[PDB]
Amino acid sequence: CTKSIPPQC
Amino acid sequence: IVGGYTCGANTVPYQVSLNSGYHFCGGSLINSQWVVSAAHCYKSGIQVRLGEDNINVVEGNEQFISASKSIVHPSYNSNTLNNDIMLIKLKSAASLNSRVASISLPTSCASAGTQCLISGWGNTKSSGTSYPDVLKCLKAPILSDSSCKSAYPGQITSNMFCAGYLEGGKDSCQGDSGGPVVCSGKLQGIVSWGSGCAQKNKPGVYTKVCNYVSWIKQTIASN
Ligand SMILES: [Ca+2]
């Protein structure tokens, strides 16, 4: 959900 | 950035890359020693890369500086992503020049419909993954709070705003987190989250920087 690498929800 | 354009080398001189053997988040230089990013980008072993365009080629204007401090907002909530803001202190001061420069903090909050510049090295595809070598840019409007809350019922706090396009195709994406949303030369947003990327009726959600100016300045003064 977040736009990081990797995403987090 | 999905549906954006190649910014041009060092056209966004406040944009930094957070690196841990690979690019994983963006950030914004706000003075020679401090970077604004997203709390959810927090990790140990961060190297801040300034003056970057092609993040896989040494082009001559880079400054690599290790992060010495990382300060998440005291009331960050990783479940709701409320207060998704973080300050990174550089181990040494960056050398300011035409390609490495700071972005102003806002003095007031932005209004719906204001055009902003969103930038980063994140995924450029709404389906699948393609990561660019060079910095990508997107011009995008701030959406009304009512449309933002309709897109994400129950999830939008007073410290968030939506920006982008409800028709799809243009958005920030994975790897853009922590980077800037700049409107009229002010850092109004931080790339935070969304449902997918560039999906219809699912605009990007951004940390509302104008609510944190006092906290940012106090944190800098005391660290
Ligand atoms: Ca480079």
# chains A, B, ... in the order shown; residues from 1 in each chain; ligands from 1
$ residues_near_ligand --ligand "ligand 1" --cutoff "10 Å" --atoms "only C-alpha atoms and all ligand atoms" --output "ChimeraX atom specification"
/B:9,49-64,133-134
$ interface_residues --of "chain A" --to "chain B" --cutoff "7 Å" --atoms "only C-alpha atoms" --output "short mmCIF file (atom, residue, chain, number, x, y, z; two decimals) with C-alpha atoms, in the first residue's frame"
data_model
loop_
_atom_site.label_atom_id
_atom_site.label_comp_id
_atom_site.auth_asym_id
_atom_site.auth_seq_id
_atom_site.Cartn_x
_atom_site.Cartn_y
_atom_site.Cartn_z
CA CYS A 1 0.00 0.00 0.00
CA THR A 2 2.84 2.38 0.80
CA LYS A 3 4.96 3.45 -2.17
CA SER A 4 8.26 2.18 -0.79
CA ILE A 5 10.47 -0.63 -2.06
CA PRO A 7 5.49 -1.82 -0.29
#
$ residues_around --residues "residue 217 in chain B" --least-positions-apart "5" --cutoff "10 Å" --atoms "only C-alpha atoms" --output "list in words"
residues 105, 212 and 222 of chain B
$ select_by_dssp --residues "range 19-174 of chain B" --states "alpha helix (DSSP H)" --output "list in words"
residues 145, 146, 147, 148, 149, 150 and 151 of chain B
$ select_by_dssp --residues "range 9-198 of chain B" --states "strand (DSSP E)" --output "MDAnalysis selection string"
chainID B and resid 15:19 23:31 34:37 47:50 63:72 86:90 115:120 136:141 160:163 180:183 186:193
$ atom_distance --atom1 "CA of residue 96 in chain B" --atom2 "CA of residue 30 in chain B"
11.2 Å
$ atom_distance --atom1 "CA of residue 119 in chain B" --atom2 "CA of residue 48 in chain B"
16.2 Å
$ atom_distance --atom1 "CA of residue 185 in chain B" --atom2 "CA of residue 126 in chain B"
28.1 Å
$ residues_around --residues "residue 167 in chain B" --least-positions-apart "5" --cutoff "10 Å" --atoms "only C-alpha atoms" --output "JSON, numbers by chain"
{"B": [198, 199, 200, 201, 202, 203]}
$ decode --residues "range 110-131 of chain B" --atoms "N, CA and C atoms" --output "tab-separated table (two decimals), in the first residue's frame"
chain	number	residue	atom	x	y	z
B	110	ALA	N	-1.94	24.34	0.95
B	110	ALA	CA	-2.37	24.52	-0.43
B	110	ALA	C	-3.86	24.21	-0.57
B	111	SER	N	-4.45	24.76	-1.63
B	111	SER	CA	-5.87	24.57	-1.93
B	111	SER	C	-6.05	23.51	-3.02
B	112	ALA	N	-7.25	22.92	-3.04
B	112	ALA	CA	-7.57	21.95	-4.07
B	112	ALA	C	-7.40	22.58	-5.45
B	113	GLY	N	-6.89	21.79	-6.39
B	113	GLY	CA	-6.69	22.26	-7.74
B	113	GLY	C	-5.34	22.88	-8.01
B	114	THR	N	-4.57	23.18	-6.97
B	114	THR	CA	-3.22	23.68	-7.17
B	114	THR	C	-2.39	22.62	-7.89
B	115	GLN	N	-1.67	23.03	-8.93
B	115	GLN	CA	-0.79	22.12	-9.64
B	115	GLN	C	0.52	21.97	-8.88
B	116	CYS	N	0.98	20.73	-8.76
B	116	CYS	CA	2.19	20.41	-8.03
B	116	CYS	C	3.09	19.52	-8.88
B	117	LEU	N	4.36	19.48	-8.52
B	117	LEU	CA	5.35	18.64	-9.18
B	117	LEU	C	5.70	17.49	-8.25
B	118	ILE	N	5.49	16.27	-8.73
B	118	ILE	CA	5.81	15.05	-7.98
B	118	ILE	C	6.92	14.35	-8.74
B	119	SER	N	7.95	13.89	-8.02
B	119	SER	CA	9.11	13.32	-8.69
B	119	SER	C	9.63	12.12	-7.91
B	120	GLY	N	10.33	11.24	-8.62
B	120	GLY	CA	10.93	10.09	-7.98
B	120	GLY	C	11.46	9.08	-8.98
B	121	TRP	N	12.10	8.05	-8.44
B	121	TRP	CA	12.67	6.95	-9.22
B	121	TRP	C	11.86	5.67	-9.09
B	122	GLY	N	10.57	5.79	-8.75
B	122	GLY	CA	9.75	4.63	-8.55
B	122	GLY	C	9.26	3.99	-9.84
B	123	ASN	N	8.58	2.86	-9.66
B	123	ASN	CA	7.97	2.11	-10.75
B	123	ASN	C	7.23	3.04	-11.71
B	124	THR	N	7.42	2.79	-13.01
B	124	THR	CA	6.74	3.56	-14.05
B	124	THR	C	5.57	2.81	-14.66
B	125	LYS	N	5.23	1.62	-14.16
B	125	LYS	CA	4.14	0.83	-14.70
B	125	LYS	C	3.04	0.67	-13.66
B	126	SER	N	1.79	0.80	-14.11
B	126	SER	CA	0.65	0.55	-13.24
B	126	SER	C	0.36	-0.94	-13.09
B	127	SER	N	0.91	-1.76	-13.97
B	127	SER	CA	0.79	-3.21	-13.89
B	127	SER	C	2.16	-3.80	-14.20
B	128	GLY	N	2.74	-4.51	-13.24
B	128	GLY	CA	4.10	-4.98	-13.37
B	128	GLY	C	5.08	-3.97	-12.81
B	129	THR	N	6.36	-4.16	-13.15
B	129	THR	CA	7.42	-3.33	-12.61
B	129	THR	C	8.42	-2.95	-13.69
B	130	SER	N	8.71	-1.66	-13.79
B	130	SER	CA	9.84	-1.16	-14.56
B	130	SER	C	10.40	0.04	-13.82
B	131	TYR	N	11.67	-0.04	-13.44
B	131	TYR	CA	12.26	1.02	-12.63
B	131	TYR	C	13.20	1.85	-13.48
